[PDB]
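The form deposited in one PDB entry is given below as one chain in structure tokens.
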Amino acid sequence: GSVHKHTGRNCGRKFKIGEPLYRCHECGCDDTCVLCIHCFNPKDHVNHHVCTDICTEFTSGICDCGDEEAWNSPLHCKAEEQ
């Protein structure tokens, strides 16, 4: 796949229509904390309760990967893998 890292900052990517918004009960500060397809690392969340929402006109937002305020645990952004 293609990759564009956001090293040293937050992701903040606006979700595209049809795309999943990933949330994790264990890792997220709260239920508004979400991760995009570029960033969500399945390895961070193996035995966690992860849910996906789907981006629409009413359901939108920005990816919180790299926003320290959004996460209990250190995330390993999928984009950073090579």
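Residue indices: 1-based, along the sequence shown.
The form deposited with a partner chain bound is left out here; the points below concern that form.
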request  = May I ask you to state whether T59 is within 4.5 Å of the partner chain in the bound PDB entry, using heavy atom distances?
outcome  = yes
ask   = Heavy atom to heavy atom, is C11 within 4.5 Å of the partner chain in the bound PDB entry?
value = no
ask   = At the 4.5 Å heavy atom threshold, is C27 in contact with the partner chain in the bound PDB entry?
value = no
